[PDB]
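S.K.: Dropping a structure here in structure tokens format, bear with me for questions.
Nothing in this text is a laboratory measurement; each read-out follows from the coordinates by a stated rule. Don't worry about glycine lacking a Cβ; one is built from the backbone with ideal geometry, like all the others, and counts go over all protein chains shown.
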Amino acid sequence: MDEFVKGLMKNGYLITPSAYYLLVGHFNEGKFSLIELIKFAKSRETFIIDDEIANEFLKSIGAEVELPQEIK
């Protein structure tokens, strides 16, 4: 489909549209690299990047810092 989609499949990694629609924006802009995405899933020991992973990822790396409260 695309570079991002092909990049994952290259390492036997799959991605859902729910996460692609979001991860694409953070990937296309040049925020995170493919190497970082795979490094995250590695710690989780999984070959499926779903919305749950995408959320924890950006939250782990420290990106998209936009919260209504923002405490700590």
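S.K.: Normalising by the residue count of the chain, find the relative contact order in percent from Cα pairs under 8 Å and 6+ residues apart. Intermediate values should be presented prior to the final figure.
M.R.: Numbers: 40 pairs, mean separation 23.9, N = 72.
For the chain, the relative contact order is 33 percent.
S.K.: For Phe40, what is the net charge nearby, where nearby means another residue's Cβ is under 15 Å from its Cβ and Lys, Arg count +1, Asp, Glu -1? Before the final figure, lay out each step's value.
M.R.: Working: positive: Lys31, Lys39, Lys42, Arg44, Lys59; negative: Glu36, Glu45, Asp50, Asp51, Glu52, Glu56, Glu64.
Summing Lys and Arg as +1 and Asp and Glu as -1 gives -2.
S.K.: Can you put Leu22, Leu58 in order of Cβ neighbours within 10 angstrom, beginning with the fewest?
M.R.: Details: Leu22 15, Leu58 18.
Taking fewest neighbouring Cβ atoms as first place, the list is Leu22, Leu58.
S.K.: Within 15 Å, Cβ to Cβ, of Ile53, how many net charges do the neighbouring residues add up to if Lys/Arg are +1 and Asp/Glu are -1?
M.R.: On the way: positive: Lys39, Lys42, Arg44, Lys59; negative: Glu36, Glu45, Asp50, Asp51, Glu52, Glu56, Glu64.
So the surrounding residues net to -3.
S.K.: May I pose another question? So if each residue of separation counts as 0.36 nm, and I subtract the Cα-Cα distance between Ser33 and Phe47, what length gain in nm does that give?
M.R.: Details: separation 14, 0.36 × 14 = 5.04 nm, distance 1.70 nm.
3.3 nm is the gain from fully extending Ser33 to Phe47.
S.K.: So, one more: Tell me, what HN-Hα J-couplings in whole Hz come from the Karplus equation 6.51 cos²θ - 1.76 cosθ + 1.60 at θ = phi - 60° for each residue of the range 63-72, using x for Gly and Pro?
M.R.: 10, 6, 5, 9, 10, x, 9, 6, 10, 6
S.K.: According to the square roots a ≥ b ≥ c of the eigenvalues of the Cα gyration tensor, what is the shape class of the chain, taking rounded for a/c under 1.5, prolate for a/b larger than b/c otherwise, and oblate for the remainder?
M.R.: Working: a/c = 2.02, a/b = 1.58, b/c = 1.28.
Prolate is the answer for the chain, as a/c is 1.5 or above and a/b outweighs b/c.
S.K.: Tilt of helix 17-28 relative to the longest C-alpha principal axis of the chain, in degrees (0 to 90, nearest 10)?
M.R.: 80
S.K.: Related question: List the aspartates and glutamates whose alpha-carbon lies under 17 Å from that of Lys72, not counting same-chain residues fewer than 8 positions away?
M.R.: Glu56, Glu64
S.K.: Using the Karplus equation 6.51 cos²θ - 1.76 cosθ + 1.60 (θ = phi - 60°), what ³J(HN,Hα) coupling, rounded to whole Hz, does each residue of the range 31-36 give in order, writing x for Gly and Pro?
M.R.: Calculated HN-Hα couplings, in order: 6, 10, 9, 4, 4, 6 Hz.
S.K.: Cut-off under 20 Å on the C-alpha distance; same-chain residues fewer than 8 positions from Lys6 excluded. Which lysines are left, in chain and number order?
M.R.: Counting by Cα, and skipping residues close in sequence, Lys6 has these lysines nearby: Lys31, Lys39, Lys42.
S.K.: For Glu64 paired with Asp2, estimate the spin-label separation in nm (one decimal), with each label point 7 Å from Cα along the Cα-to-Cβ line.
M.R.: Reported label-point gap for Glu64 and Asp2 is 1.4 nm.
S.K.: Pick out, in residue order, every one of the GluC sites (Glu not before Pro) in the chain that is DSSP loop and has at most 10 other C-beta atoms within 10 Å; say none if there are none. Spell out each step's value before the answer.
M.R.: Values: sites: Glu3, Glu29, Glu36, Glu45, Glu52, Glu56, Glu64, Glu66, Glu70; in loops: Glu29, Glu45, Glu64, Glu66, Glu70.
Listed in order of number, the matching sites are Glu29, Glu45, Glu66, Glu70.
S.K.: Which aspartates and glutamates have a Cα less than 14 Å from the Cα of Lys10, not counting those fewer than 8 places away in the same chain?
M.R.: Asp2
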